[PDB]
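Shown next: coords-v8.pdb, containing PDB, N, CA, C and O atoms.
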ATOM      1  N   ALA H   1       7.719  45.837  -3.561  1.00  0.00           N
ATOM      2  CA  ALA H   1       7.073  45.653  -4.879  1.00  0.00           C
ATOM      3  C   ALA H   1       5.728  46.362  -4.912  1.00  0.00           C
ATOM      4  O   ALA H   1       4.996  46.369  -3.921  1.00  0.00           O
ATOM      5  N   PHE H   2       5.413  46.961  -6.049  1.00  0.00           N
ATOM      6  CA  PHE H   2       4.153  47.664  -6.228  1.00  0.00           C
ATOM      7  C   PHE H   2       3.165  46.776  -6.972  1.00  0.00           C
ATOM      8  O   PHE H   2       3.086  46.800  -8.200  1.00  0.00           O
ATOM      9  N   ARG H   3       2.420  45.992  -6.210  1.00  0.00           N
ATOM     10  CA  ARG H   3       1.495  45.012  -6.766  1.00  0.00           C
ATOM     11  C   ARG H   3       0.303  45.665  -7.479  1.00  0.00           C
ATOM     12  O   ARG H   3       0.026  45.337  -8.632  1.00  0.00           O
ATOM     13  N   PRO H   4      -0.427  46.598  -6.829  1.00  0.00           N
ATOM     14  CA  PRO H   4      -1.605  47.225  -7.448  1.00  0.00           C
ATOM     15  C   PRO H   4      -1.240  48.339  -8.423  1.00  0.00           C
ATOM     16  O   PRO H   4      -2.114  49.052  -8.924  1.00  0.00           O
ATOM     17  N   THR H   5       0.044  48.491  -8.691  1.00  0.00           N
ATOM     18  CA  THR H   5       0.519  49.573  -9.530  1.00  0.00           C
ATOM     19  C   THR H   5       0.747  49.066 -10.945  1.00  0.00           C
ATOM     20  O   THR H   5       1.835  48.587 -11.275  1.00  0.00           O
ATOM     21  N   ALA H   6      -0.296  49.170 -11.764  1.00  0.00           N
ATOM     22  CA  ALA H   6      -0.309  48.573 -13.093  1.00  0.00           C
ATOM     23  C   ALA H   6      -0.038  47.077 -12.984  1.00  0.00           C
ATOM     24  O   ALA H   6       1.022  46.605 -13.385  1.00  0.00           O
ATOM     25  N   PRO H   7      -0.999  46.318 -12.421  1.00  0.00           N
ATOM     26  CA  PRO H   7      -0.826  44.891 -12.117  1.00  0.00           C
ATOM     27  C   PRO H   7      -0.428  44.057 -13.333  1.00  0.00           C
ATOM     28  O   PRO H   7      -1.278  43.601 -14.096  1.00  0.00           O
ATOM     29  N   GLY H   8       0.874  43.866 -13.503  1.00  0.00           N
ATOM     30  CA  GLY H   8       1.367  43.075 -14.610  1.00  0.00           C
ATOM     31  C   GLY H   8       1.699  41.652 -14.210  1.00  0.00           C
ATOM     32  O   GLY H   8       0.987  41.039 -13.409  1.00  0.00           O
ATOM     33  N   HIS H   9       2.799  41.139 -14.751  1.00  0.00           N
ATOM     34  CA  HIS H   9       3.177  39.739 -14.570  1.00  0.00           C
ATOM     35  C   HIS H   9       3.621  39.457 -13.136  1.00  0.00           C
ATOM     36  O   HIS H   9       3.249  38.439 -12.555  1.00  0.00           O
ATOM     37  N   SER H  10       4.419  40.348 -12.571  1.00  0.00           N
ATOM     38  CA  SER H  10       4.894  40.179 -11.205  1.00  0.00           C
ATOM     39  C   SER H  10       3.993  40.901 -10.187  1.00  0.00           C
ATOM     40  O   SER H  10       3.596  40.292  -9.195  1.00  0.00           O
ATOM     41  N   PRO H  11       3.650  42.201 -10.395  1.00  0.00           N
ATOM     42  CA  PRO H  11       2.790  42.942  -9.454  1.00  0.00           C
ATOM     43  C   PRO H  11       1.464  42.235  -9.161  1.00  0.00           C
ATOM     44  O   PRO H  11       1.209  41.815  -8.031  1.00  0.00           O
ATOM     45  N   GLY H  12       0.626  42.100 -10.183  1.00  0.00           N
ATOM     46  CA  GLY H  12      -0.684  41.505  -9.990  1.00  0.00           C
ATOM     47  C   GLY H  12      -0.712  40.035 -10.340  1.00  0.00           C
ATOM     48  O   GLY H  12      -1.722  39.365 -10.134  1.00  0.00           O
ATOM     49  N   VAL H  13       0.401  39.537 -10.871  1.00  0.00           N
ATOM     50  CA  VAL H  13       0.505  38.150 -11.319  1.00  0.00           C
ATOM     51  C   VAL H  13      -0.567  37.860 -12.378  1.00  0.00           C
ATOM     52  O   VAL H  13      -1.235  36.827 -12.357  1.00  0.00           O
ATOM     53  N   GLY H  14      -0.736  38.802 -13.296  1.00  0.00           N
ATOM     54  CA  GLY H  14      -1.720  38.646 -14.349  1.00  0.00           C
ATOM     55  C   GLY H  14      -3.123  38.998 -13.893  1.00  0.00           C
ATOM     56  O   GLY H  14      -4.101  38.672 -14.567  1.00  0.00           O
ATOM     57  N   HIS H  15      -3.230  39.656 -12.747  1.00  0.00           N
ATOM     58  CA  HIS H  15      -4.522  40.076 -12.229  1.00  0.00           C
ATOM     59  C   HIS H  15      -4.533  41.584 -12.009  1.00  0.00           C
ATOM     60  O   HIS H  15      -4.242  42.027 -10.881  1.00  0.00           O
TER      61      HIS H  15
END
Output the file's structure as structure tokens, nothing else.
Amino acid sequence: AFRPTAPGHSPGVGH
């Protein structure tokens, strides 16, 4: 999973 890659609902968990 690409967390810091356009941090959305799953990647950044809203962060």
- Message: Please report the interatomic distance between atom N of residue 2 of chain H and atom C of residue 15 of chain H in Å with one decimal.
- Response: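 Taking atom N of residue 2 of chain H and atom C of residue 15 of chain H, their separation equals 12.8 Å.
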- Work out how far atom CA of residue 13 of chain H is from atom N of residue 1 of chain H, in Å to one decimal.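 Spanning atom N of residue 1 of chain H to atom CA of residue 13 of chain H is a straight-line distance of 13.1 Å.
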Box dimensions and centre (Å, one decimal) enclosing chain H, axis-aligned, 4 Å extra per side, as AutoDock Vina command-line options:
--center_x 1.6 --center_y 43.2 --center_z -9.2 --size_x 20.3 --size_y 20.7 --size_z 19.2
